[PDB]
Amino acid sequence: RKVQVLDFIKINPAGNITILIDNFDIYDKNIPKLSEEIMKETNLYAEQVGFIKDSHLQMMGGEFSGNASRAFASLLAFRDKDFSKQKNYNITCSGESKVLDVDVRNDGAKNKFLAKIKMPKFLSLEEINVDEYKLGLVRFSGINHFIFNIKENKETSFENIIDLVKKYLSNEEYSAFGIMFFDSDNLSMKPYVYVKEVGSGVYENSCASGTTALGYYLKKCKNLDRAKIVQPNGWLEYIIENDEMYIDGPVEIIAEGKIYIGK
């Protein structure tokens, strides 16, 4: 059979492992099929994958990803003869209609960077009481984040909550949701993400949109304007300024070259 050779760049945006495929039809029909192949452990590993063209980033499912957009912005600095310490890069991403002005700065090594990006605004902020648990609820365009504060609630297993949430959205149509298990003693967060297609949960290494939900929620409930939220395999800082949300974090270009898959 035919082996298809693609141009790849592997990047670690604060643990949210991203692969970017270059010189590829960003609107190819088979993108979702080869994307899951690119991500398996039996191939190059990845938590997400995108297909770049000029200054656009076409995610595998037309979704917007703050972490992926920051990886793409750090890649343009990596490849820019003129980049010194700081430089703003304008890009576009599927799922966001506005041009994104990403502030990229050097973070030590030439492959290491720090990328800040403007994050979408929330559509609603509710504080909900489900059964005998308090939860935070932040509704975005596409995904609904839930904030479960470990300390502020009684002892329980995560699994009980993932099920309880799933019960809350029983009579509510959604494409995906997220539970941000938040530990106040540490200012840490374990991001959870269910989606309809996968039909199963996924504990991520870091979740940019989830950190904004966390951020919006700590702003309204505790008057916290910006903070650094440590996550399973990385960290992200949320910044609220002039009523605008921004997520900053580290980024690192891992590897670059060719990837051989079937056709």
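Throughout, we count residues from 1 along the sequence that is shown.
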item: Residue range whose averaged C-alpha B-factor is higher in the record, 35-43 or 194-202; value: 194-202
item: Stretch with the higher entry mean CA B-factor, where the candidates are 150-158 and 110-118; value: 150-158
item: Out of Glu252, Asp22, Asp243, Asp248, residue topping the C-alpha B-factor column of the entry; value: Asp243
item: Among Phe78, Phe72, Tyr133, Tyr89 - the residue whose C-alpha B-factor is largest in the record; value: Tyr133
item: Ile26 - which third its CA temperature factor falls in, relative to the rest of the chain; value: middle
item: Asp183 - which third its CA temperature factor falls in, relative to the rest of the chain; value: middle
item: Modelled-residue ranking by C-alpha temperature factor, third containing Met60; value: middle
item: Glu172 CA temperature factor, ranked by third within the chain; value: highest
item: For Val5, the third of its chain into which the C-alpha B factor falls; value: middle
